[PDB]
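Taken in order, these protein sequences are the chains called A and B. Under the deposited numbering, the first residue of the first sequence is numbered 82, with each subsequent residue one higher. Under the deposited numbering, the first residue of the second sequence is numbered 1128, with each subsequent residue one higher.
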Amino acid sequence: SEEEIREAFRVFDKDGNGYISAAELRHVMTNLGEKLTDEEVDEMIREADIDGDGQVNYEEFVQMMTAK
Amino acid sequence: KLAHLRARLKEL
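Dropping the structure here:
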């Protein structure tokens, strides 16, 4: 089900903008117990972002969750 | 990893 992906997205978004920024992403990661540096966090975005905007959109979010 | 993230996220 893709609901799992939507659920994860809902947990990531901190307002309902539909565009997960590095700040919101880091917030969730830190809450999970993952303490990474500025570079490490940005790297995650740089790999997920295919457009090259500086954030992860719904489409890219779905692809990253299905990555292998 | 991304897969591990979805796993732990579901735990909490």
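For each residue, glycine too, the CB sits at the ideal point set by N, CA and C.
Proximal chain B residues relative to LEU113 of chain A, where beta-carbon distance stays under 8 Å = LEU1132, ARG1135, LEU1136, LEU1139
Let me know the secondary structure DSSP gives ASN112 of chain A once reduced to three states.
-> helix
How should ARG1135 of chain B be labelled, buried or exposed, when 16 other C-beta atoms within 10 angstroms of its C-beta is the threshold for buried?
-> exposed
Taking only the alpha-carbon atoms, compute the straight-line gap between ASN138 of chain A and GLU1138 of chain B and give it to the nearest angstrom.
-> 24 Å
Grouping DSSP H, G and I as helix and E and B as strand, with all else coil, what is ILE101 of chain A?
-> strand
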